[PDB]
**Q** 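What follows is a single structure, and I will ask about it in a moment.
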Amino acid sequence: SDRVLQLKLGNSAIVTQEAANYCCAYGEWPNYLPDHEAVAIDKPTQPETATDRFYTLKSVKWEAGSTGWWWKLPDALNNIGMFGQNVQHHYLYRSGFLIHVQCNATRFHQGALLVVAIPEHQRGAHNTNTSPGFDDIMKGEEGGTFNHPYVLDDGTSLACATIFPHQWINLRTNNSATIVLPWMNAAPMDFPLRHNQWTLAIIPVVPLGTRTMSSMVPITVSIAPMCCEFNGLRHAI
Amino acid sequence: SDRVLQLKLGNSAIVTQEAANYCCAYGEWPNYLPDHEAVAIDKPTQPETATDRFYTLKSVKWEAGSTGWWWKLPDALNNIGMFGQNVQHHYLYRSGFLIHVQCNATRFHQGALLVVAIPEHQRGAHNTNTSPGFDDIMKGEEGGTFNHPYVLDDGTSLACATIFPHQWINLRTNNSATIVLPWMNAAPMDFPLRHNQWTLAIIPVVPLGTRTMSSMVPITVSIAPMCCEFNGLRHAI
Amino acid sequence: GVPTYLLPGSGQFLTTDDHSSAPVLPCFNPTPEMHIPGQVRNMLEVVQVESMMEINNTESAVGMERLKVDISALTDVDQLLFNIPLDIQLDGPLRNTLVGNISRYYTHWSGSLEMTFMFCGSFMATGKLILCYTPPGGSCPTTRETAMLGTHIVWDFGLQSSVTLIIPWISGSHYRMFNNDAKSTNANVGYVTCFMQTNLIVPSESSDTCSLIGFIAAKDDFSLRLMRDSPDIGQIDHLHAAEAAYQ
Amino acid sequence: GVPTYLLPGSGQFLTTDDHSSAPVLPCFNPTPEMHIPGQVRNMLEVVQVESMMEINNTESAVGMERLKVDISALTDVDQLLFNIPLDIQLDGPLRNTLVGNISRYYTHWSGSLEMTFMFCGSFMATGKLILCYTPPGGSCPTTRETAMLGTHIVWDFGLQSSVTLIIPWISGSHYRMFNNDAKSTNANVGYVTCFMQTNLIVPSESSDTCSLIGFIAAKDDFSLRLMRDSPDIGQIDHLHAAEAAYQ
Amino acid sequence: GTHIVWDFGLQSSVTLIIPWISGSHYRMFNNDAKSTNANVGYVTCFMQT
Amino acid sequence: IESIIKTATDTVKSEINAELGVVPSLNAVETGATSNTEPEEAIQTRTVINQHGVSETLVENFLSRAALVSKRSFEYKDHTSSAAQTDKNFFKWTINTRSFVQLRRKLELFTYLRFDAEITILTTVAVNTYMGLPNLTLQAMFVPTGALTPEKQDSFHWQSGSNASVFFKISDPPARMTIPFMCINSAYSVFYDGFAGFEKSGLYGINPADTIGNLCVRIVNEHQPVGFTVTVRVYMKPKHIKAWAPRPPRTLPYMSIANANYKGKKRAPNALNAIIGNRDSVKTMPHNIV
Amino acid sequence: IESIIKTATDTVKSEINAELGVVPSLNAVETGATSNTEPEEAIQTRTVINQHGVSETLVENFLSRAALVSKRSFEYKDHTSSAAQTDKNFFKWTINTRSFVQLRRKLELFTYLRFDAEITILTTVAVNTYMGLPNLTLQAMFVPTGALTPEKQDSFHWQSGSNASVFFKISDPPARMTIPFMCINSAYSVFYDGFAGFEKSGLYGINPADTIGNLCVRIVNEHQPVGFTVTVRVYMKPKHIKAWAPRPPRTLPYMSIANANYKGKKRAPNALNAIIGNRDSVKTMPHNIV
Amino acid sequence: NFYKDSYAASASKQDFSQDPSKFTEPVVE
Amino acid sequence: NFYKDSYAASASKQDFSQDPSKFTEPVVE
């Protein structure tokens with residue numbers, strides 16, 4: 001009853017048959033910006049079915065010495081579809097996200113994934129006092145790999161990362177995880193090219209293991225923006 | 001509708017056919033001094049049609065290297081007509097002013113005039129620490145010329161001089177400007193020979209230019225006192 | 001008696017405290033209030049009055065030549081005439097304005113601005129311009145194709161010799177800072193550029209070079225807060241005759 | 001005037017005093033409040049979220065190997081798999097938890113805890129475990145006979161891959177202390193041990209070593225008081241670029 | 001474009017609705033497959049995982 | 001029309017507007033009026049409920065800041081063999097607001113001001129070896145313009161039969177008292193386009209009604225065997241403020257306290273011929289994003 | 001559902017429960033939810049009326065502690081022949097909460113904070129022979145980010161025409177004033193996954209809205225013949241606190257104030273590969289009762 | 001304000017009346 | 001609080017509303 005799920009957004013749809021109950025982050029659902037919280041006075045564009053639809057990132061190979069993967073939002077979508085064109089032509093954006101993470105294997109495989117969405121994941125670098133530069137943070141669509149996922153690459157702890165909106169993909173139980181993210185900012189709208197607000201982290205807490213034949217197990221991420229507004233129309237940079 | 005205007009005061013009248021909407025300074029109109037604000041207890045003389053009438057100053061020639069012109073009120077009128085005789089025979093005066101500035105040219109001329117009435121224009125001298133003397137301030141009917149009109153000859157800025165009651169004579173648009181000044185003093189009445197309260201400044205922000213024949217373009221100032229009272233009757237000095 | 005105890009902050013002199021103090025002249029009767037024209041009760045009344053931009057803040061522009069922009073006839077289409085840096089805190093064309101000087105007494109600001117441009121050519125001079133406001137994020141647009149994709153107004157010269165370019169409040173949160181970093185995401189406003197929409201066409205007896213005067217005010221949704229000292233005045237010595245006040 | 005007198009404690013600066021002080025910016029208007037998701041109004045909301053125990057806090061367990069316990073098939077019955085030290089104050093498996101870090105800002109605590117164990121083997125892996133909580137007073141129980149005489153749960157693996165071992169609040173008075181003496185009668189909580197109830201039976205194509213992840217949260221009868229500094233952070237020098245804040 | 005992501009399992013079938021997305025009301029069975037009044041589009045399948 | 005404004009004005013949503021005869025973006029600067037073009041009339045807006053308070057730009061809050069108006073170090077010692085121009089344990093100060101330029105430029109944004117002055121006196125002391133700092137008693141006597149100022153430390157004008165004195169120590173909090181609105185006019189003249197007397201050799205720009213009086217400050221203590229440097233700072237906070245007829249702010253540096261004379265800086269910014277610092281051309285953008 | 005909790009929840013008595021289909025102890029961690037298993041559902045309970053108040057774990061009480069944010073010793077003497085990097089009777093401080101790690105780790109338990117800052121300034125002095133401790137007057141002027149900070153002790157930025165200064169002595173109680181919530185956003189960003197400017201060479205992790213301003217502190221006194229070491233400590237108490245989106249606490253030691261870089265300790269505890277100190281085996285009990 | 005003079009009181013920061021039209025629209029129509 | 005600004009007041013320690021279910025039960029059913 002909570003294991004089958006169809007997520008229809010736009011011209012996209014995802015069915016899954018081994019799901020958990022999906023996660024609404026902090027009990028919140030995405031909405032458009034109301035008038036008593038609006039700041040920018042020009043009329044926003046709301047390209048509803050053109051941008052509020054699933055976008056599927058490149059799959060990553062799930063291996064024995066995997067540390068973990070991360071994508072920063074909206075940086076992982078700033079060059080994809082009509083979401084990316086609205087990002088490049090406008091100054092302000094505001095959206096929630098519906099993240100669906102896919103990973104399946106056989107009933108002889110084991111492994112657990114912590115699929116966690118981290119708000120304002122300011123990263124740190126290891127064994128230096130120089131801050132992480134622009135190319136170390138803005139990885140784009142491909143995302144990055146965790147250097148030290150045990151501390152979440154910021155001196156904190158992976159053990160306490162369940163305070164953040166998360167699910168698990170335990171291969172014994174399910175093969176997908178779904179997190180519904182609202183707008184998470186101290187600001188109503190934001191400049192999407194210099195600020196990331198959600199980091200989707202996907203972490204091998206229990207590694208992949210089997211004794212049957214070794215197929216490739218990938219992990220696929222489908223991200224749907226939800227309730228996109230855009231202000232400040234200009235040329236594309 | 002706001003371009004034709006007839007200003008009838010006393011036995012004087014001015015018609016203009018290319019005007020703007022005229023300016024009432026600070027939203028105020030001239031009146032006589034009421035009893036709850038009166039100080040001097042003797043009965044004032046109110047020489048209504050004899051003094052509340054236009055007085056036309058000498059025209060100034062509007063040239064290529066003009067910096068600007070200024071007249072201080074009531075000093076520009078203290079020797080003219082029955083206004084000047086009431087000034088010299090009395091100790092106190094109180095009046096508003098109706099300034100009309102005339103300047104016309106052809107439809108092939110260009111140029112813009114900032115016609116601004118400045119309250120309490122305490123002047124400064126350039127490149128010295130000696131204060132301006134009596135002859136540098138009290139120019140009388142002829143008025144003075146701006147030394148450095150870009151700073152309004154007081155270290156301030158010409159750019160912000162639109163905070164003061166002003167109009168423009170843009171030769172493309174109009175050929176006259178009209179400012180109606182009320183009584184502007186911290187005092188109810190005042191000694192007219194040692195204190196000036198309004199300075200009419202007329203400034204070439206865009207200089208005079210044409211490529212047709214070079215006629216003389218003058219600028220003429222007609223000033224009508226309004227609601228004159230006079231107290232403290234004595235001999236003329 | 002009353003048992004009291006002194007708190008931290010007792011005996012300090014904060015220069016922004018709001019208390020009652022001892023009158024030095026008891027039973028003094030002040031001068032009665034008179035109606036004086038032009039009373040200001042809030043400094044946002046002053047900020048809404050338009051005042052001249054120095055768009056021509058260049059060398060060989062001396063004094064009042066800095067207050068006007070000279071446009072001429074062009075033989076190429078779609079050409080840039082001028083651009084205006086919207087950096088109020090750093091020293092640009094908006095600093096010596098009524099909206100510019102009063103805002104430099106504050107750190108945070110918000111609300112819309114309006115740019116007014118008065119054409120001061122002859123009556124026979126005709127022309128069309130396009131005044132483009134560009135939100136931040138990229139470079140300043142140099143071609144008319146790039147610039148007109150943002151907020152703009154197309155202006156025909158004529159009987160009404162002025163347009164208003166409303167610069168809308170387009171920002172992330174509520175306020176912007178007067179930071180010395182002009183390129184910051186919380187301080188950069190954007191760019192205003194002007195192009196020939198068609199051309200300045202004058203006859204042979206009109207002057208072939210015409211002038212624009214640029215004005216800027218603030219609207220009534222404008223706001224200022226976090227008051228600071230102004231950078232626009234300073235001193236390193238005493239003023240003249242300030243020793244004579246002690247003699 | 002009012003006759004007053006100063007009490008003892010006048011002019012002191014207690015760092016936990018609760019008074020009003022002088023505003024440094026008069027008539028400042030703050031930014032309007034916006035709805036932000038995830039507001040915390042009491043730190044006991046955070047303490048009730050489960051977080052991973054490091055039961056495998058051993059050498060040769062590097063990084064994330066410390067967060068899981070590997071169980072295998074055994075050839076002897078009733079064997080001990082792991083035990084968990086319930087000492088929160090001293091550095092054990094419960095220190096780096098949400099219930100562990102927030103409680104080390106406090107001296108006294110009370111209420112029930114819940115341990116959750118997720119089995120992360122294959123679907124084909126079957127097994128039964130017994131998770132025993134033992135009240136204090138004796139040694140930690142090494143055999144299953146001794147351990148199951150206390151609070152326990154017997155867990156069959158399957159479609160629901162997790163159990164909760166409620167660790168009940170069983171104490172003399174209302175609170176326990178975070179004393180450095182772990183063996184004190186006012187600080188010792190007891191022991192949690194896990195045994196094979198039957199065995200881990202896997203087929204030949206499943207991985208023969210399966211993992212448990214241990215979680216711990218607090219219940220809603222949980223309480224904390226007597227706030228103190230945390231032992232979990234410290235410094236002996238200045239941080240880098242902290243001198244640049246003065247330059 | 002229009003897609004469906006399908007997980008294998010207890011329900012062994014999905015439906016890809018190909019929506020009527022056309023200029024006017026009808027399309028022709030023209031021998032020119034590349035005509036603007038006859039071409040329907042494409043259906044492709046990929047490995048999602 | 002006069003109304004009460006507590007927050008900034010809201011924004012109404014607007015639509016496509018294509019109407020003949022109605023040009024809200026066209027204006028007439030020649031009338032002297034500021035543009036009335038709304039953001040709803042120039043671009044297409046949304047509804048924004050604006051909650052930004054306008055209370056910090058109030059003229060009371062803009063001007064009620066305690067600012068420095070006076071500052072004298074004077075040697076506190078035995079002055080039996082000193083010069084004729086030295087401060088022999090006392091000083092006089094003709095009260096003005098034109099000596100320190102932060103308060104001067106702020107008050108000169110207006111033509112007329114009516115305010116009560118809240119005066120704060122902050123005395124500090126330094127040993128002129130080191131043996132300690134004495135808790136000295138100071139007397140600040142307010143002498144109006146028209147009375148006699150003292151010529152000694154121990155003169156008999158300091159008895160203050162009618163002049164208002166304040167007696168305060170260095171170890172105390174600073175001495176604070178309020179001076180009322182003391183002008184003979186209904187407002188102070190910040191600028192005075194006129195001459196102070198009836199003869200033609202008066203002072204230009206200084207209205208005698210504007211001057212508060214004198215502030216004579218002495219040390220009541222007799223001298224110690226060692227000398228000290230006593231610095232007295234006076235801070236003025238305007239309050240109960242009414243302001244009239246706002247003015248362009250001063251761009252050039254001040255030269256004197258007695259007049260509005262101007263020299264300007266040598267190069268831009270704030271020069272005589274260039275108030276804003278220069279750029280390369282009118283189509284050059286200085287802080288351009290690369 | 002949001003409700004008001006003043007004490008911890010009570011316990012209900014329970015009985016033998018042997019019902020099919022109902023497994024309260026079985027849970028699904030894969031959903032992301034915490035276990036809902038009650039103590040009444042796992043073991044057999046009694047009725048306990050729980051009177052333990054929950055008011056000390058309030059986010060107001062957890063964060064309204066006055067904690068040290070700044071600390072400077074600076075030499076108070078004649079500085080006419082000193083270096084270029086020394087504090088010549090004054091210092092500036094870019095205000096942050098990230099220099100001292102007790103307050104830093106506590107504030108970094110949250111993603112967003114909205115609070116008023118109550119600033120307490122504690123000045124102490126030591127003779128740099130001994131002759132006594134002077135009661136010196138200090139000025140702490142609050143310079144916002146955007147204004148000019150002073151370059152001297154006796155510079156003319158200290159007159160504070162609009163900047164808020166506090167003047168306080170060492171013998172007084174400590175100077176205390178409240179700084180409001182001064183962010184341009186609706187909350188401070190404790191963590192900022194972004195870059196501060198529009199060019200790609202900005203600073204990572206430092207939102208410019210988060211910075212309060214500068215805190216310029218000088219000694220108003222002129223120098224004595226001897227020197228002194230004046231230490232100024234600044235204490236911040238957050239108040240009127242709203243907090244959002246709690247975070248994992250930092251386990252590794254901080255390296256810098258500018259970033260979240262991590263090295264870890266060399267061995268466990270709080271090492272990069274071992275946060276908890278090691279034991280012998282997973283079935284080894286360290287504090288076992290013998 | 002325990003002082004007997006009314007000018008001794010604290011600063012009066014509650015005067016929210018505006019009239020920008022005496023500076024922005026000083027025209028007669 | 002004799003100060004005219006509302007942020008000058010003492011700490012407000014009477015906010016006993018909780019919602020643990022936005023962190024412990026963030027699921028939709």
Side-chain angles (χ1 to χ4, degrees), chain A residues 72 75 119-139 144 153-155 185-187 190-197 199, chain C residues 87 89-90 107 136-138 171-173 175-188, chain D residues 238-247, chain F residues 287-290, chain G residues 69 92-99 104 107-108 111-113 143-147 149 182-185 187-214 250 254-262:
Chain A
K72 289 184 180 292
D75 178 64
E120 298 291 327
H121 190 265
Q122 176 177 354
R123 292 179 62 85
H126 175 259
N127 203 2
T128 186
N129 48 6
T130 304
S131 296
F134 188 80
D135 291 331
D136 295 330
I137 302 299
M138 305 298 284
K139 296 289 186 182
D153 291 335
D154 55 357
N185 201 1
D190 203 0
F191 181 62
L193 296 182
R194 293 295 185 270
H195 184 205
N196 293 321
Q197 301 175 2
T199 297
Chain C
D87 292 325
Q89 173 60 39
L90 289 178
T107 313
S171 181
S173 288
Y175 290 89
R176 280 170 181 159
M177 297 179 73
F178 287 113
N179 200 2
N180 281 315
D181 195 5
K183 298 180 181 180
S184 177
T185 56
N186 293 317
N188 209 168
Chain D
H238 293 90
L239 301 177
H240 181 76
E243 293 175 352
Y246 299 103
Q247 297 294 320
Chain F
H287 299 286
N288 201 1
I289 303 296
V290 297
Chain G
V69 291
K92 184 264 297 178
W93 176 53
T94 301
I95 298 171
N96 56 353
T97 58
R98 296 176 70 183
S99 293
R104 186 177 183 178
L107 294 180
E108 288 177 350
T111 308
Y112 297 110
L113 291 170
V143 175
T145 303
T149 61
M182 285 167 57
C183 189
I184 64 173
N185 298 311
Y188 295 116
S189 294
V190 183
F191 289 90
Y192 183 71
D193 191 7
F195 293 90
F198 290 108
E199 292 182 353
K200 292 177 177 65
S201 63
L203 294 177
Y204 180 68
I206 301 168
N207 200 2
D210 183 75
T211 304
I212 306 299
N214 292 317
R250 190 186 177 97
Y254 290 99
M255 295 184 74
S256 177
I257 67 165
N259 51 24
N261 290 338
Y262 58 95

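Convention: sequence-line order gives letters A, B, ...; per-chain numbering from 1. In what follows, every heavy atom counts, from backbone to side chain, and hydrogens, waters and symmetry copies are set aside.
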**Q** Enter the distance from G:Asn96:CG to G:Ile206:CD1 here, rounded to the nearest 0.5 Å.
**A** 9.0 Å
**Q** Under a 3.5 Å distance rule, please check whether G:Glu199 uses its side chain to pair with a backbone N or O of F:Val290 as donor and acceptor.
**A** yes
**Q** Can you check whether A:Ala125's main-chain N or O pairs, donor with acceptor, with G:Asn261's side chain at less than 3.5 Å?
**A** yes
**Q** Among all residues two or more places apart in sequence or in another chain, which pass the side-chain contact (heavy atoms from CB on, under 4.5 Å) test with G:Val190?
**A** G:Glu108, G:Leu113
**Q** Let me confirm one number: the CG-CG distance from C:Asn186 to G:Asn185, rounded to the nearest 0.5 Å.
**A** 6.5 Å
**Q** Could you measure the distance from the OH atom of G:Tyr188 to the OG1 atom of G:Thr211? Nearest 0.5 Å is fine.
**A** 10.0 Å
**Q** Any idea which heavy atoms bring G:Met182 and G:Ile212 closest together, and the distance?
**A** CE-O, 3.7 Å
**Q** Under the side-chain contact (heavy atoms from CB on, under 4.5 Å) rule, what do G:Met255 and D:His240 come out as? Steps first, then yes or no, please.
**A** CA-CA 6 Å; G:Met255 295 184 74; D:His240 181 76; 5.8 Å; no
**Q** If you take all heavy atoms of A:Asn185 and A:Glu120, which pair is closest and at what distance?
**A** OD1-OE2, 4.3 Å
**Q** Give, for atom CZ of G:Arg98 and atom CG of G:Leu107, the distance between the pair rounded to the nearest 0.5 Å.
**A** 10.5 Å
**Q** Taking atom CD1 of G:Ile95 and atom CG of G:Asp210, what is their separation to the nearest 0.5 Å?
**A** 11.0 Å
**Q** Give a yes or no on whether the backbone of C:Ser173 and the side-chain of C:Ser171 come within a donor-acceptor separation of less than 3.5 Å.
**A** yes
**Q** Ignoring hydrogens, what is the shortest heavy-atom contact between C:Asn179 and C:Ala187? Give both atom names and the distance.
**A** CB-CB, 4.1 Å
**Q** How close do G:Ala196 and C:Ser184 get, counting heavy atoms only, and between which atoms?
**A** O-OG, 3.1 Å
**Q** Distance from C:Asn188 atom CG to C:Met177 atom CE, nearest 0.5 Å?
**A** 14.0 Å
**Q** Output yes when a side-chain donor or acceptor of C:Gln89 lies under 3.5 Å from a complementary backbone atom of C:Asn180, and no otherwise.
**A** no
**Q** Just by modelled atom types, is the G:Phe195 backbone N or O under 3.5 Å from a matching donor or acceptor in the A:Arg194 side chain?
**A** no
**Q** Would you say G:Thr94's side chain and G:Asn214's backbone share a donor-acceptor pair under 3.5 angstrom?
**A** no
**Q** Please find the pair of heavy atoms, one from G:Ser99 and one from D:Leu239, that lie closest to each other, and give the distance.
**A** O-CD1, 3.6 Å
**Q** Could you tell me if A:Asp153 and G:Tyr262 have a donor-acceptor pair between their side chains, going purely by distance under 3.5 Å?
**A** yes
**Q** What is the minimum heavy-atom distance between A:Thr199 and A:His121, and which atoms define it?
**A** OG1-CB, 3.4 Å
**Q** Determine whether a donor-acceptor pair (N or O, by modelled atom type, separation under 3.5 Å) exists between the side chain of G:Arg250 and the backbone of A:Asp154.
**A** yes
**Q** Among A:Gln197, A:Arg123, A:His195, find the one that has a side-chain contact (heavy atoms from CB on, under 4.5 Å) with A:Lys72.
**A** A:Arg123
**Q** Can you label the angle between the G:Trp93 ring and the D:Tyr246 ring as parallel, tilted or perpendicular, going by 30° and 60°?
**A** parallel
